[PDB]
Amino acid sequence: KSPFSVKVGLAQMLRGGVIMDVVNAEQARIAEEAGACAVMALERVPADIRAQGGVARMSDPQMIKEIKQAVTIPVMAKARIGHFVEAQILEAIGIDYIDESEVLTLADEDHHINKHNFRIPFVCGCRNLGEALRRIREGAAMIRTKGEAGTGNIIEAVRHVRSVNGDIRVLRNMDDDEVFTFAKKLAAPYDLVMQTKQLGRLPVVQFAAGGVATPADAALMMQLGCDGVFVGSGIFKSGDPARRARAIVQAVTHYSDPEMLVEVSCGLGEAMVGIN
Amino acid sequence: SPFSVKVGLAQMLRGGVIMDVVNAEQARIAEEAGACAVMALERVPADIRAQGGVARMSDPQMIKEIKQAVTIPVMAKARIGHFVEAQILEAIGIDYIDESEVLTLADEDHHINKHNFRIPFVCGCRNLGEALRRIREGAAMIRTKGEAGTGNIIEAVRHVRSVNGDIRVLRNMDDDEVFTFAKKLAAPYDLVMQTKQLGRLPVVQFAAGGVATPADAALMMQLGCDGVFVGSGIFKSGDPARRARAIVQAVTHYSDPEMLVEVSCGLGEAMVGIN
Amino acid sequence: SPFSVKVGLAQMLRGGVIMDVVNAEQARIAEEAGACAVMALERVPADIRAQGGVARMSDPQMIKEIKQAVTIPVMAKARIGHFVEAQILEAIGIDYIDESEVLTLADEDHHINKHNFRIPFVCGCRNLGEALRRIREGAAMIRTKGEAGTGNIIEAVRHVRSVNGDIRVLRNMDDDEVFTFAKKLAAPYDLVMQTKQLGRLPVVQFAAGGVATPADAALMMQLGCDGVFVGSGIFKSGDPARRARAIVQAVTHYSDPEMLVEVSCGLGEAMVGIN
Amino acid sequence: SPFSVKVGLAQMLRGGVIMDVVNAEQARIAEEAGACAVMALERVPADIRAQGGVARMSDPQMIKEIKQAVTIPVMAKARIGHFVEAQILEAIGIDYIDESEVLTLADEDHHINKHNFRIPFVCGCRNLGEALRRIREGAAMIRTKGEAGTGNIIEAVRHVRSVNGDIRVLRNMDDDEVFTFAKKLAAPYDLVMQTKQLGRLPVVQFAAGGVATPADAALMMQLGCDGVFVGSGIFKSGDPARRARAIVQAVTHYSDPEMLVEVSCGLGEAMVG
Amino acid sequence: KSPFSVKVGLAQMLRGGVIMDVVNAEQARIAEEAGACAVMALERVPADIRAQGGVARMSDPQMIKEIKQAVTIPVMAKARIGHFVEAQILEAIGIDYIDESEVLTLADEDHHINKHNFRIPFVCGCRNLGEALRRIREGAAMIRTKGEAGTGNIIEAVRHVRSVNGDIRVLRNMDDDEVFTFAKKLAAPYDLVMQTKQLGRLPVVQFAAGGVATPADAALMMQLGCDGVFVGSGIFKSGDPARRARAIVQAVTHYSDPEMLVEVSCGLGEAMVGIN
């Protein structure tokens, strides 16, 4: 019944899905046709931001509108961390989600966007449970790992998923009397720590993000417990984007089916090169 | 709510002096002087400091004796984290438990889950974040820690100014910056916001630690405290009953320098203390 | 006082964008875009940063050409501490001098004694103490320093939040603590108290440094600034005249997301900048 | 009344010795020796230093006894930051409050807002910036801190030379450099400029801390002080009443070596320190 | 009446003047025609010494003689610090001043030239009052700041002028009894410290030098209290040497006239690029 619960419910519709970064309408159509649950509209994917440098900002509303016109699935877009006016603009465009993203150039070193001031749901990144809960308290309706975006290397995403999931599991059997100190150690709001304890999971949808390059990577994130995956660079920086996009979608939908994972991985073409 | 009931109970002590007492006779002296409550304990902080050893919850027998000797509320101390000492104190029927750093720490990592009790708790603090963490654990009343048993108010002044200063910072603070402020304070965001909304601590806030003279006590009141604890400064002084009354009068009339002069004049030796 | 007249004069710039311009055509573009003033200089900060060398007061000839091309006020930069550069700029008859850290520092230890001048000065700052020190030296207007020429607003945000945050802290502070606060700021106490009483900086306060997009400009306004400087972000972008208008409109309509969408839509490539 | 009234009041003490006294008899001795004021306190700095413990405002009763025993102004000490001790002292009707580092610090971060009081305050300093910060808070009179209770003038000499030296530097400084000088001093620019224009401290400036002998006192005056405090040097010495008169004479006649010889000759044992 | 006083008096004839580094007779004539009070004859200006590296020494006497023949104003030339034989040669050429210069390659790390052994007046550089007085005690009849030569950046010259001038001002009101310790702190001869105190200024002419690139720079040095300015690189490394040379001369002669400073700065062409 609360406005936040409605936002949380909206993000829950993306469960089981792949969200694909797209830089134009053609890629948006490829993503939707491959079965993406949503597209992330942006002018440069993380691998290109990482390689090219320069300040990375909110994308031009015109290019976001073109992508939004080109698909029927939900459209997300990125705002710089702390750049609440970029978020105001994105919301006024009429898109479905805002990603307050560390992949763009940090705009406010000390504060994130007060996301409760918006009608549109936000996704935020995290490396650990305390960070996830702090973003949620600011009003994020959806959490993803940060991983190491644009590297094609899942090691940090695995670290982040295992960190969040591990500390959630720690909460299950924890002495209630020890949770106050745990919340302090996490620098997380105690009421959200307690809610996570009661739920046995994050109070919002939890996606894997950062470095997902192969169907195996994506199914690994789902088997670790994520609700879905972002793929920013691994699809359209690969040798066969449309096929790999479908492959990753199938891997997320059928993550427990090794026969399917073989089938969609077989002859998939060159994955993104990435950085170790 | 049960917590708000406990918070209301502690609010009845506003404007008051709570005096540490080690026997029924000191308790009677405290009540006759106008203390709003007594803190029943076997040793006052100055003596705990000088003597060393492990300091624990006092014998229930001596607490009951003090409780029987007065009609004002009776508090007693439990070691930090020692929730069974608190269970015993509650079962004695006293009015408040001070989860006290003056006693020997029992749990280095956790305080008592005070929400598990019907009796209101007092907790100490040095800053706003610590106050709010104690309140989240269920403290219905907050005092500064100061430096107990030294007769030196410098640390209590620091803690009062720290808590009060950060509360004032909250008032005009950009709402969007409060999340980071709560993180910096390691404090529950919701209690930080409640504090911002109230413009004061969400529970009664007493000065404690080193209050030795009427001037000290009135200083704490002018700094904004709701009351003061005096642990050592009365009965370690040369004229306990007179100093007890003088400090009570100083807290009741903290803005009246003529009264502060009168009650301080010819008061006898304060406690020696330590610098 | 003469200082209060200069301070009063700068109030007309509230709600405005000041644009760095390197020739008369750019100055005309700026004015036609609705700039409240132009900053005449031979090289914008992004170019100074990229090229290195010593960056000085611009040739009076090119400043006069820009002054003759526009009817809005014209500012020009002097190196920090270079009071003779400022004497020259004043004798040109421009409207403001920006004693600017973007030019090469000329005096590592002292700024210009701006009270010696009839022309009002703008100075940069990173925090409230710096702002108040510049004001005491005679700055009639303050801007953040940000990170000039990078197209990255992160440092400007830091500076705006620092100045505004300390003003908000100061507003509510115990009067008795303001002496120590002034010491900690290394700022003149009387100016600190005037800032406390006003609840804002005693002079016009602009954002500056890295403002690259309409969203950036409106963000500075929503944080509480009176206006913005744009040095590099307009004429180092793909469509300067359009971006110039968009940033002006963003500052005018900073609380209108529908207008911010409109002016940002199809704006062309922003300056690439440096992270 | 404005701050300038308090500043003008304190100017009456110029040329004087202020003597710490612990009872009415010493107060009489001090006044009869020619003290310009007495500092009423339960224990002098040498004893506070030696005995330790928390040192606080003295009992109003003993302060009143001293105030009744003498006609010269009576000062008393409040702990730094202890504005309620100052309220009590003011309500006693004494003439000056010394917000004194010799007592136990009560507020590590803030001094008393002395402009909130009608009675003038004395504060200590070790350098010009400190003096100006105390003045801006409302001190109507400045003394050096020295190293109180030691009978050793070396720190007081340091503090006097520091304050006087920086005032002299300030007097001739390029006006354009004064902004940075005020920042370096962490001092209010306006008071810095007032000091520059006046050419001396804007309030009476006394030496204090360790003044043990007539030679000590005369040295402080020759360095340029307006007067001297003597807390422990007189009554912790062999013959207090004679040393009290000798130090008063030394301050009144600080440029006369023949007088300094006379008053120092056979003066008895100074404080050991 | 003393030989040193005569040397000091000779340098005082340069008050109000600009001294210009020149590398040939044509530049010498430009400098004189622009109104320089003297020329500094040298094979390479500081900006070129700084850029090119290599050991920088006394210039060939032949090129110094050619410059001396080409002008009627006094001619100075540089000797390496400590290179008293270079100074002997320069004196025997018949030039008017020797600059024992840090711009040339140091020849003696521990000792300067004993300048009292010469009939010709010396100029020496300094960063602070103690250094100035030490050079004077060795026999320098003229002092300049060192600044940062060849950079076109006046910040260090401003530092040096303010340091020397500041400590001279400190002397005015200083307790006489404190001057012994002040002289020790300055590592300066006490008698020269006392003389500076009595004069209220340096006992010799005091010029600004190092990084003076514009008329504004030069007038700034004069307003700070200097008696004149050296310009080594800022004139002939600029876009219009003869015009800038005149402009700087006028700025020094009329340093308190902002209308004149505007006039001579207007359309002056590109200043030397220099180094930050």
# chains A, B, ... in the order shown; residues from 1 in each chain; ligands from 1
>>> interface_residues(of="chain B", to="chain C", cutoff="9 Å", atoms="only C-alpha atoms", output="PDB file with N, CA and C atoms, in the first residue's frame")
ATOM      1  N   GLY B 165      25.113  19.680  19.872  1.00  0.00           N
ATOM      2  CA  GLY B 165      25.594  20.285  18.642  1.00  0.00           C
ATOM      3  C   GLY B 165      25.121  19.531  17.418  1.00  0.00           C
ATOM      4  N   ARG B 168      21.514  20.106  16.712  1.00  0.00           N
ATOM      5  CA  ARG B 168      21.266  21.391  16.062  1.00  0.00           C
ATOM      6  C   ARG B 168      21.649  21.345  14.591  1.00  0.00           C
ATOM      7  N   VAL B 169      22.738  20.651  14.275  1.00  0.00           N
ATOM      8  CA  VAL B 169      23.132  20.462  12.886  1.00  0.00           C
ATOM      9  C   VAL B 169      21.998  19.810  12.097  1.00  0.00           C
ATOM     10  N   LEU B 170      21.284  18.872  12.720  1.00  0.00           N
ATOM     11  CA  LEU B 170      20.209  18.173  12.016  1.00  0.00           C
ATOM     12  C   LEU B 170      19.106  19.118  11.559  1.00  0.00           C
ATOM     13  N   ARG B 171      18.823  20.163  12.341  1.00  0.00           N
ATOM     14  CA  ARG B 171      17.641  20.990  12.105  1.00  0.00           C
ATOM     15  C   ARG B 171      17.616  21.573  10.700  1.00  0.00           C
ATOM     16  N   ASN B 172      18.685  22.251  10.306  1.00  0.00           N
ATOM     17  CA  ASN B 172      18.744  22.896   9.007  1.00  0.00           C
ATOM     18  C   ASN B 172      19.374  22.021   7.949  1.00  0.00           C
ATOM     19  N   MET B 173      19.725  20.783   8.281  1.00  0.00           N
ATOM     20  CA  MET B 173      20.442  19.953   7.330  1.00  0.00           C
ATOM     21  C   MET B 173      19.545  19.611   6.149  1.00  0.00           C
ATOM     22  N   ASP B 174      20.116  19.693   4.951  1.00  0.00           N
ATOM     23  CA  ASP B 174      19.457  19.206   3.745  1.00  0.00           C
ATOM     24  C   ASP B 174      18.990  17.776   3.972  1.00  0.00           C
TER      25      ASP B 174
END
>>> residues_around(residues="residue 184 of chain B", least_positions_apart="6", cutoff="10 Å", atoms="only C-alpha atoms", output="list in words")
residues 187 of chain A; 129 and 178 of chain B
>>> residues_around(residues="segment 181-183 of chain C", least_positions_apart="6", cutoff="12 Å", atoms="only C-alpha atoms", output="PyMOL selection string")
(chain B and resi 165) or (chain C and resi 128-130+132-133+166-167+169-171+173-175+189-196) or (chain D and resi 109-111+129-130+132-134+136-137+182-189)
>>> residues_around(residues="segment 253-269 of chain B", least_positions_apart="2", cutoff="9 Å", atoms="only C-alpha atoms", output="number ranges by chain")
B: 213-215, 217-222, 237-239, 242-243, 245-251, 271-272; D: 59-62, 84, 87-92
>>> write_last_selection(atoms="N, CA, C and O atoms", output="short mmCIF file (atom, residue, chain, number, x, y, z; two decimals), in the first residue's frame")
data_model
loop_
_atom_site.label_atom_id
_atom_site.label_comp_id
_atom_site.auth_asym_id
_atom_site.auth_seq_id
_atom_site.Cartn_x
_atom_site.Cartn_y
_atom_site.Cartn_z
N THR B 213 29.68 20.51 41.84
CA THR B 213 29.26 21.73 42.51
C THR B 213 27.90 22.15 41.98
O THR B 213 27.47 21.72 40.91
N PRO B 214 27.18 23.01 42.72
CA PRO B 214 25.97 23.63 42.16
C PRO B 214 26.23 24.32 40.84
O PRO B 214 25.42 24.20 39.92
N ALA B 215 27.36 25.03 40.71
CA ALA B 215 27.69 25.64 39.43
C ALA B 215 27.75 24.60 38.32
O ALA B 215 27.21 24.82 37.23
N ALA B 217 26.18 21.71 38.10
CA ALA B 217 24.85 21.20 37.78
C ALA B 217 24.05 22.22 36.98
O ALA B 217 23.41 21.87 35.99
N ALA B 218 24.09 23.49 37.40
CA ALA B 218 23.37 24.52 36.65
C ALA B 218 23.98 24.72 35.27
O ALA B 218 23.25 25.02 34.32
N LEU B 219 25.29 24.54 35.13
CA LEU B 219 25.91 24.62 33.81
C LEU B 219 25.31 23.59 32.87
O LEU B 219 24.97 23.90 31.72
N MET B 220 25.17 22.35 33.34
CA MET B 220 24.57 21.31 32.51
C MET B 220 23.15 21.66 32.12
O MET B 220 22.73 21.44 30.98
N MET B 221 22.38 22.23 33.05
CA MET B 221 21.02 22.63 32.73
C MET B 221 20.99 23.76 31.72
O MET B 221 20.16 23.77 30.81
N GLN B 222 21.89 24.74 31.85
CA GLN B 222 21.91 25.83 30.89
C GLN B 222 22.38 25.35 29.52
O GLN B 222 21.98 25.92 28.50
N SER B 237 31.85 14.53 49.40
CA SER B 237 32.14 15.91 49.75
C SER B 237 32.09 16.11 51.26
O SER B 237 31.68 15.22 52.02
N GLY B 238 32.48 17.31 51.69
CA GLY B 238 32.57 17.60 53.11
C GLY B 238 31.23 17.76 53.80
O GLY B 238 31.12 17.49 55.00
N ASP B 239 30.21 18.19 53.07
CA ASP B 239 28.88 18.42 53.63
C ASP B 239 27.82 17.83 52.70
O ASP B 239 27.12 18.57 51.99
N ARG B 242 24.00 19.13 52.73
CA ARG B 242 23.91 20.51 52.28
C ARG B 242 24.24 20.62 50.80
O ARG B 242 23.55 21.32 50.04
N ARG B 243 25.28 19.91 50.35
CA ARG B 243 25.62 19.95 48.94
C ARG B 243 24.51 19.31 48.11
O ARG B 243 24.17 19.80 47.02
N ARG B 245 21.29 19.30 48.76
CA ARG B 245 20.24 20.30 48.62
C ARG B 245 20.66 21.42 47.68
O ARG B 245 19.86 21.87 46.84
N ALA B 246 21.91 21.89 47.80
CA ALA B 246 22.38 22.98 46.95
C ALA B 246 22.33 22.59 45.48
O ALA B 246 21.94 23.40 44.63
N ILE B 247 22.71 21.35 45.16
CA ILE B 247 22.69 20.92 43.77
C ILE B 247 21.26 20.80 43.27
O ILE B 247 20.95 21.19 42.13
N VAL B 248 20.36 20.27 44.10
CA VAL B 248 18.94 20.22 43.73
C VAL B 248 18.43 21.63 43.44
O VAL B 248 17.77 21.86 42.42
N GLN B 249 18.73 22.58 44.33
CA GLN B 249 18.28 23.95 44.11
C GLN B 249 18.91 24.53 42.85
O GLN B 249 18.26 25.29 42.12
N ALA B 250 20.16 24.18 42.59
CA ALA B 250 20.83 24.71 41.41
C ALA B 250 20.18 24.20 40.14
O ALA B 250 20.09 24.93 39.15
N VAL B 251 19.73 22.94 40.14
CA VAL B 251 19.08 22.40 38.96
C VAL B 251 17.68 22.98 38.81
O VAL B 251 17.25 23.32 37.70
N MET B 271 34.28 17.40 46.42
CA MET B 271 35.13 16.23 46.29
C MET B 271 36.45 16.62 45.64
O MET B 271 36.52 17.53 44.81
N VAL B 272 37.52 15.93 46.05
CA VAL B 272 38.86 16.22 45.52
C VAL B 272 38.90 15.97 44.02
O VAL B 272 39.26 16.84 43.22
N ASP D 59 34.90 29.28 46.82
CA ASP D 59 33.63 29.42 47.52
C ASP D 59 33.26 30.91 47.58
O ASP D 59 34.11 31.73 47.95
N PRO D 60 32.05 31.28 47.19
CA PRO D 60 31.64 32.70 47.30
C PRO D 60 31.86 33.30 48.68
O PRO D 60 32.14 34.51 48.79
N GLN D 61 31.76 32.50 49.73
CA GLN D 61 31.94 33.02 51.08
C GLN D 61 33.35 33.56 51.29
O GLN D 61 33.53 34.65 51.85
N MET D 62 34.37 32.83 50.83
CA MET D 62 35.73 33.31 51.01
C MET D 62 36.03 34.49 50.10
O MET D 62 36.83 35.36 50.45
N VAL D 84 28.79 29.35 34.20
CA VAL D 84 27.95 29.49 35.39
C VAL D 84 28.80 29.89 36.59
O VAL D 84 28.37 30.69 37.43
N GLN D 87 28.84 33.43 36.20
CA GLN D 87 27.59 34.07 36.63
C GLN D 87 27.56 34.24 38.13
O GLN D 87 27.12 35.27 38.65
N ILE D 88 28.02 33.22 38.86
CA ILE D 88 28.07 33.30 40.31
C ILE D 88 29.02 34.41 40.75
O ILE D 88 28.68 35.26 41.58
N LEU D 89 30.23 34.41 40.18
CA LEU D 89 31.22 35.43 40.53
C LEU D 89 30.68 36.83 40.28
O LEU D 89 30.83 37.73 41.11
N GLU D 90 30.03 37.03 39.13
CA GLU D 90 29.42 38.33 38.84
C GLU D 90 28.38 38.68 39.89
O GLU D 90 28.38 39.80 40.42
N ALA D 91 27.51 37.73 40.22
CA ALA D 91 26.46 37.99 41.20
C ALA D 91 27.02 38.27 42.59
O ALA D 91 26.31 38.85 43.42
N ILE D 92 28.26 37.86 42.87
CA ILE D 92 28.90 38.20 44.14
C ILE D 92 29.19 39.69 44.21
O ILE D 92 29.29 40.26 45.30
#
>>> atom_distance(atom1="atom CA of residue 105 of chain E", atom2="atom CA of residue 79 of chain E")
9.2 Å
>>> closest_atom_pairs(of="chain E", to="chain D", cutoff="9 Å", atoms="only C-alpha atoms", output="CSV")
residue,atom,partner,partner_atom,distance
E:166,CA,D:173,CA,7.2
E:169,CA,D:172,CA,6.0
E:170,CA,D:169,CA,5.1
E:171,CA,D:169,CA,8.1
E:172,CA,D:172,CA,7.3
E:173,CA,D:168,CA,5.5
E:174,CA,D:168,CA,6.5
E:175,CA,D:165,CA,7.8
>>> select_by_dssp(residues="segment 115-215 of chain D", states="alpha helix (DSSP H)", output="count of residues only")
48
>>> select_by_dssp(residues="segment 45-183 of chain D", states="strand (DSSP E)", output="list in words")
residues 74, 75, 76, 77, 78, 79, 96, 97, 98, 99, 100, 121, 122, 123, 124, 125, 139, 140, 141, 142, 143 and 144 of chain D
>>> write_last_selection(atoms="N, CA and C atoms", output="PDB file, in the first residue's frame")
ATOM      1  N   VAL D  74      38.585  43.571  43.398  1.00  0.00           N
ATOM      2  CA  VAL D  74      38.766  42.165  43.712  1.00  0.00           C
ATOM      3  C   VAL D  74      38.458  41.366  42.461  1.00  0.00           C
ATOM      4  N   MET D  75      39.391  40.510  42.077  1.00  0.00           N
ATOM      5  CA  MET D  75      39.188  39.581  40.980  1.00  0.00           C
ATOM      6  C   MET D  75      39.031  38.179  41.540  1.00  0.00           C
ATOM      7  N   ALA D  76      38.446  37.299  40.727  1.00  0.00           N
ATOM      8  CA  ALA D  76      38.351  35.892  41.085  1.00  0.00           C
ATOM      9  C   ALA D  76      38.366  35.071  39.801  1.00  0.00           C
ATOM     10  N   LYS D  77      38.682  33.792  39.943  1.00  0.00           N
ATOM     11  CA  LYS D  77      38.894  32.918  38.800  1.00  0.00           C
ATOM     12  C   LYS D  77      37.673  32.057  38.536  1.00  0.00           C
ATOM     13  N   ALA D  78      37.388  31.855  37.255  1.00  0.00           N
ATOM     14  CA  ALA D  78      36.428  30.864  36.814  1.00  0.00           C
ATOM     15  C   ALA D  78      37.174  29.906  35.893  1.00  0.00           C
ATOM     16  N   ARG D  79      36.808  28.628  35.944  1.00  0.00           N
ATOM     17  CA  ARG D  79      37.362  27.677  34.995  1.00  0.00           C
ATOM     18  C   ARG D  79      37.015  28.100  33.577  1.00  0.00           C
ATOM     19  N   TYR D  96      36.325  41.852  38.680  1.00  0.00           N
ATOM     20  CA  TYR D  96      36.850  41.208  37.483  1.00  0.00           C
ATOM     21  C   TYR D  96      36.752  39.699  37.638  1.00  0.00           C
ATOM     22  N   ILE D  97      36.547  39.008  36.521  1.00  0.00           N
ATOM     23  CA  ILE D  97      36.656  37.559  36.476  1.00  0.00           C
ATOM     24  C   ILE D  97      37.849  37.206  35.606  1.00  0.00           C
ATOM     25  N   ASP D  98      38.731  36.381  36.131  1.00  0.00           N
ATOM     26  CA  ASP D  98      39.839  35.831  35.360  1.00  0.00           C
ATOM     27  C   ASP D  98      39.395  34.443  34.930  1.00  0.00           C
ATOM     28  N   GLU D  99      39.149  34.279  33.639  1.00  0.00           N
ATOM     29  CA  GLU D  99      38.831  32.966  33.092  1.00  0.00           C
ATOM     30  C   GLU D  99      40.166  32.264  32.911  1.00  0.00           C
ATOM     31  N   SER D 100      40.514  31.393  33.852  1.00  0.00           N
ATOM     32  CA  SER D 100      41.908  31.093  34.145  1.00  0.00           C
ATOM     33  C   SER D 100      42.265  29.655  33.805  1.00  0.00           C
ATOM     34  N   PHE D 121      36.294  40.805  32.127  1.00  0.00           N
ATOM     35  CA  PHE D 121      37.064  39.575  32.235  1.00  0.00           C
ATOM     36  C   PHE D 121      38.529  39.808  31.892  1.00  0.00           C
ATOM     37  N   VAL D 122      39.392  39.074  32.596  1.00  0.00           N
ATOM     38  CA  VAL D 122      40.786  38.864  32.217  1.00  0.00           C
ATOM     39  C   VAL D 122      40.904  37.466  31.634  1.00  0.00           C
ATOM     40  N   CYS D 123      41.644  37.336  30.535  1.00  0.00           N
ATOM     41  CA  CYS D 123      42.015  36.039  29.982  1.00  0.00           C
ATOM     42  C   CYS D 123      43.517  35.997  29.757  1.00  0.00           C
ATOM     43  N   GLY D 124      44.070  34.772  29.756  1.00  0.00           N
ATOM     44  CA  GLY D 124      45.473  34.579  29.452  1.00  0.00           C
ATOM     45  C   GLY D 124      45.720  34.370  27.969  1.00  0.00           C
ATOM     46  N   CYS D 125      46.992  34.446  27.595  1.00  0.00           N
ATOM     47  CA  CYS D 125      47.384  34.202  26.216  1.00  0.00           C
ATOM     48  C   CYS D 125      48.858  33.835  26.201  1.00  0.00           C
ATOM     49  N   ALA D 139      36.991  39.427  26.475  1.00  0.00           N
ATOM     50  CA  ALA D 139      37.968  39.766  27.499  1.00  0.00           C
ATOM     51  C   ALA D 139      38.284  41.253  27.424  1.00  0.00           C
ATOM     52  N   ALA D 140      38.211  41.934  28.564  1.00  0.00           N
ATOM     53  CA  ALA D 140      38.536  43.356  28.621  1.00  0.00           C
ATOM     54  C   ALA D 140      39.984  43.592  29.007  1.00  0.00           C
ATOM     55  N   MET D 141      40.721  42.524  29.271  1.00  0.00           N
ATOM     56  CA  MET D 141      42.066  42.627  29.800  1.00  0.00           C
ATOM     57  C   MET D 141      42.779  41.327  29.482  1.00  0.00           C
ATOM     58  N   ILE D 142      44.049  41.415  29.124  1.00  0.00           N
ATOM     59  CA  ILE D 142      44.810  40.238  28.735  1.00  0.00           C
ATOM     60  C   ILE D 142      46.026  40.148  29.631  1.00  0.00           C
ATOM     61  N   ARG D 143      46.344  38.935  30.063  1.00  0.00           N
ATOM     62  CA  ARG D 143      47.614  38.671  30.709  1.00  0.00           C
ATOM     63  C   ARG D 143      48.316  37.555  29.953  1.00  0.00           C
ATOM     64  N   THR D 144      49.637  37.487  30.093  1.00  0.00           N
ATOM     65  CA  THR D 144      50.296  36.290  29.611  1.00  0.00           C
ATOM     66  C   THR D 144      49.925  35.115  30.494  1.00  0.00           C
TER      67      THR D 144
END
>>> closest_atom_pairs(of="chain C", to="chain E", cutoff="10 Å", atoms="only C-alpha atoms", output="CSV")
residue,atom,partner,partner_atom,distance
C:52,CA,E:276,CA,6.9
C:53,CA,E:275,CA,4.7
C:54,CA,E:276,CA,5.3
C:55,CA,E:276,CA,8.4
C:56,CA,E:214,CA,9.1
C:57,CA,E:216,CA,8.9
C:58,CA,E:265,CA,9.6
C:59,CA,E:266,CA,6.0
C:60,CA,E:266,CA,5.0
C:61,CA,E:266,CA,5.0
C:62,CA,E:267,CA,7.8
C:63,CA,E:266,CA,9.5
C:64,CA,E:266,CA,9.3
C:80,CA,E:155,CA,9.9
C:81,CA,E:155,CA,9.2
C:82,CA,E:220,CA,7.3
C:83,CA,E:220,CA,7.2
C:84,CA,E:220,CA,5.5
C:85,CA,E:216,CA,5.6
C:86,CA,E:216,CA,9.1
C:87,CA,E:258,CA,6.0
C:88,CA,E:262,CA,5.5
C:89,CA,E:262,CA,7.9
C:90,CA,E:258,CA,8.5
C:91,CA,E:258,CA,6.2
C:92,CA,E:262,CA,7.0
C:104,CA,E:276,CA,7.1
C:105,CA,E:155,CA,6.6
C:106,CA,E:155,CA,4.4
C:107,CA,E:155,CA,5.4
C:108,CA,E:155,CA,6.7
C:109,CA,E:159,CA,8.0
C:110,CA,E:159,CA,9.8
>>> closest_residue(among="C:77, C:49, C:6, C:115", to="chain D", atoms="only C-alpha atoms")
C:115
>>> closest_residue(among="D:193, D:19, D:94, D:220", to="chain C", atoms="only C-alpha atoms")
D:193
>>> closest_residue(among="A:96, A:227, A:43, A:33", to="residue 21 of chain A", atoms="only C-alpha atoms")
A:43
>>> residues_around(residues="residue 145 of chain D", least_positions_apart="5", cutoff="12 Å", atoms="only C-alpha atoms", output="PyMOL selection string")
chain D and resi 45+98-102+122-127+130-131+150+152-160+162-163+205-211+228-231
>>> residues_around(residues="segment 53-64 of chain E", least_positions_apart="6", cutoff="10 Å", atoms="only C-alpha atoms", output="VMD selection string")
chain E and resid 22 to 25 40 to 44 46 70 75 to 81 83 85 to 87 89 to 90 92 to 95 100 to 107
>>> atom_distance(atom1="atom CA of residue 177 of chain A", atom2="atom CA of residue 190 of chain A")
11.9 Å
>>> closest_residue(among="C:144, C:113, C:1, C:232", to="chain D", atoms="only C-alpha atoms")
C:113
>>> residues_around(residues="segment 140-150 of chain E", least_positions_apart="2", cutoff="6 Å", atoms="only C-alpha atoms", output="list in words")
residues 7, 8, 46, 47, 121, 122, 123, 124, 125, 126, 127, 135, 136, 152, 156, 157, 160, 204, 205, 206, 207, 208, 209, 210, 211 and 233 of chain E
>>> write_last_selection(atoms="C-alpha atoms", output="compact mmCIF listing (two decimals), in the first residue's frame")
# COMPACT_ATOMS: atom_id res chain seq x y z
CA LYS E 7 80.11 50.83 -6.30
CA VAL E 8 76.81 51.11 -4.45
CA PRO E 46 67.38 31.99 -19.20
CA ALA E 47 64.40 30.43 -21.01
CA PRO E 121 80.17 46.40 -9.15
CA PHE E 122 78.39 43.07 -8.86
CA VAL E 123 74.73 42.18 -8.79
CA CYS E 124 73.69 39.02 -6.96
CA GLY E 125 70.38 37.24 -6.62
CA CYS E 126 68.50 36.42 -3.45
CA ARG E 127 65.35 34.71 -2.22
CA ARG E 135 75.76 38.59 -0.94
CA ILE E 136 76.17 42.24 0.08
CA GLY E 152 57.60 33.79 -17.55
CA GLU E 156 58.64 33.20 -7.16
CA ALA E 157 59.81 36.76 -7.78
CA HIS E 160 61.23 36.82 -3.01
CA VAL E 204 71.97 48.56 -1.97
CA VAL E 205 69.68 48.95 -4.95
CA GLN E 206 67.07 46.18 -5.10
CA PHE E 207 65.72 44.97 -8.45
CA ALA E 208 63.06 42.44 -9.33
CA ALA E 209 64.15 39.61 -11.59
CA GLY E 210 62.83 36.28 -12.75
CA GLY E 211 59.74 35.63 -14.80
CA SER E 233 63.41 36.08 -21.60
